[PDB]
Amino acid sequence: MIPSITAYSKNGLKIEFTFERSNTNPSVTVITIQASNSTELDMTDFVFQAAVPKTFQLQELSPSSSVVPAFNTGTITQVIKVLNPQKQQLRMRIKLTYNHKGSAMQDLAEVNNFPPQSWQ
């Protein structure tokens, strides 16, 4: 197993990453992101966007929904794939955009805590 990580946790929004290695292409890591909301109000029109360094390639698949419900009653699930031919240490910048408590929210953050198994 590749251990899971918390990629982001701020303002009542948590994003967890779980990982599997592809059996089709060993250079690919499939990341499943799970976004959860511990506050009292839904986070709507939720968009996750990632960016990885030049020697990596990224494919973002469709999310399960655009709402992170209040009280943690479910999650948004989105799969993203990373192609890492050179086996460089995986690292990523994420951008999170959503509405909460009436307001437009947006945050950019770095994810520099990937487990070695996710890229070696």
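The first residue of the sequence shown is number 1, and the count goes up from there.
Relative to one another, 20-28 and 98-106 have unequal mean CA B-factors, and 20-28 is the one with the higher figure.
For the segment pair 76-84 and 43-51, the entry gives 76-84 the higher mean B-factor, averaged over Cα atoms. In the deposited entry, the Cα temperature factor of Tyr8 sits in the bottom third of values across the chain's modelled residues. Residue-level temperature factors show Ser36 in the middle third of its chain, judged at the C-alpha atom.
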